[PDB]
Amino acid sequence: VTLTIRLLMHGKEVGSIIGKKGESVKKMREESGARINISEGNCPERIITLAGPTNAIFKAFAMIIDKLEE
Amino acid sequence: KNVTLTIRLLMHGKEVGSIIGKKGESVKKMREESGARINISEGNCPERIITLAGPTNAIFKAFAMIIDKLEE
DNA sequence: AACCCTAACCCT
């Protein structure tokens, strides 16, 4: 069973999730096995989609919250 | 390094339906058990926002309960 | 990698 979770993000939060050259979001894709989409735009209010089996969603979520805590 | 976070999740109304539960009993138990502040945007929408806030571990506990809810 | 920091990090 694959779940699809959408988070709402602020653009500052989003930058640290992508990281320099996308190296952070790269790491997250590889290590979580979640499909991660970050809405295209230099926009003030951004959507992060996480899709996959529960373990993948959980890994990806845990990594996002570690980024936001800094 | 913040010890409190706020996460928002974008949810369809049928999903919010199961998260709240009958007489709000599922979100009551999530609140009590996670220790997170859980806000569900009000009313009748089709497209609702769930805000989780509190200690990181509280966030993660609430989120798991949300997921556990959604996969049933 | 550098006298090579921070503030901003923008990828599928």
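Residues numbered from 1 in each chain as written, not as in the entry; some residues may be left out. Chains lettered and ligands numbered in written order. Heavy atoms only, no water.

Method of determination for the deposited model, per the PDB record: X-ray crystallography, at 2.12 Å resolution.

S.K.: Looking at this structure, how should I read helix α1 (residues 13–20) of chain B?
M.R.: The periodicity of an α-helix, 3.6 residues per turn, causes residues three or four places apart in sequence to face the same way. Residues and elements named next belong to chain B. Every buried residue belonging to α1 is among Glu15, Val16 and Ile19, and all of these are buried. End-on, the buried residues of α1 take up no more than an arc of 100°, which puts them together on one face. If you follow the buried residues of α1, they end up packed against β1 (4–12), α2 (25–34), β2 (37–40), β3 (47–55) and α3 (56–70). (Buried < 20%, exposed > 50% of the residue type's maximum accessible area, 1.4 Å probe, protein only. Helix = DSSP H or I, 4+ residues; strand = E, 2+ residues; numbered from the N terminus. Arc of directions from axis to C-beta. Contact = heavy atoms within 4.5 Å.)

S.K.: Sorry if this is basic, but what is going on with α3(B) here?
M.R.: In this model, α3(B) (15 residues) spans 21 Å end to end at C-alpha, consistent with the 21 Å of a helix rising 1.5 Å per residue. Along α3(B), the positions that sit buried rather than exposed are B:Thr56, B:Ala58, B:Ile59, B:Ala62, B:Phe63, B:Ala64, B:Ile66, B:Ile67 and B:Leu70. (Expected span 1.5 Å × (residues − 1).)

S.K.: Help me understand the interface of chain A and chain B, please; the structure alone is not making it clear to me.
M.R.: Interface size is often expressed as the accessible area that is lost when the parts come together. Every contact between the two is made by 17 residues of chain A and, on the other side, 19 residues of chain B. Broken down residue by residue, the surface that chain A buries against chain B is led by A:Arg6, A:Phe58 and A:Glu69, which jointly contribute 35%. At the boundary of chain A with chain B, the tally comes to three salt bridges. In this structure, the salt-bridge partner of B:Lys1 is A:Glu69, at a minimum N-O distance of 3.6 Å. For the interface between chain A and chain B, the tally reads five residue pairs in polar contact. (Buried area = accessible area lost by both parts, 1.4 Å probe. Salt bridge = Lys/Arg side-chain N within 4 Å of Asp/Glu carboxyl O. Polar contact = N/O pair within 3.5 Å; in protein donor to acceptor, adjacent residues only side chain to side chain.)

S.K.: Looking at this model, I keep getting lost on the packing of aromatic side chains. Mind explaining?
M.R.: Given two aromatic rings, their pairing is described by the distance between the two centres and the angle made by the two planes. Inspection of every chain in the model, using the stated rule, returns three aromatic pairs over all chains. With 3.6 Å between their ring centres and 5° between their planes, A:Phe61 and B:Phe63 make a pair best called stacked. Placement of A:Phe61 in helix α3 (residues 54–69) and of B:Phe63 in helix α3 is noted, with the two residues assigned to different chains. The exposure class assigned to B:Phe63 is buried, which follows from its relative accessible area of 0%. (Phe/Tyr/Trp six-rings, centres within 6.5 Å; stacked < 30°, edge-to-face > 60°.)

S.K.: Whenever I open this one, the pattern of salt bridges confuses me. Can you help?
M.R.: In a structure, side chains of opposite charge can pair up when their charged atoms sit close to one another. With the rule as written, the count across this model stands at four salt bridges over all chains. Residue A:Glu45 pairs with B:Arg8 through a salt bridge whose shortest N-O separation is 2.7 Å. One end of the pair, A:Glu45, is in the loop between β2 (35–38) and β3 (46–52); the other, B:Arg8, is in strand β1, on a second chain. In this structure, B:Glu72 and B:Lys69 form a salt bridge, with 3.3 Å as the shortest nitrogen-oxygen distance.

S.K.: How should I be thinking about the protein's contact with DNA strand C in this particular structure?
M.R.: Residues and elements named next belong to chain A. Of all residues adjacent to DNA strand C, which total 15 residues, the nearest are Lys20, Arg29, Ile38, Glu40 and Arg46. Counting only atoms of DNA strand C within 4 Å of the protein, the fraction found in sugar and phosphate groups is 36%. In the environment of DNA strand C, a sugar or linking oxygen lies 3.4 Å from a nitrogen or oxygen atom belonging to the backbone of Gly19. Looking at the surface near DNA strand C, the elements that each hand over two or more residues are α1 (11–18), α2 (23–32) and β2. At four residues, α1 tops the list of elements feeding residues into the surface near DNA strand C. Taken together, the residues of the surface near DNA strand C break down into three nonpolar, seven polar and five charged. (Near = heavy atom within 4 Å. Nonpolar A, V, L, I, M, F, W, Y, C, P; charged D, E, K, R; others polar.)

S.K.: Would you mind going over the pairing of β2(B) with me for this structure?
M.R.: Regular strands place their side chains on alternate faces of the sheet. Residues and elements named next belong to chain B. Of the two faces of β2, only one is covered, namely that formed by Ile38 and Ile40; the face formed by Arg37 and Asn39 stays uncovered. The pairing of β2 with β3 spans four bridges and is classified as antiparallel. Across the sheet, residue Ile40 finds its bridge partner in β3, namely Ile50. The hairpin formed by β2 and β3 contains six residues between the paired strands, and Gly43 there has a positive phi angle of roughly 115°. (Pairing = 2+ DSSP bridges.)

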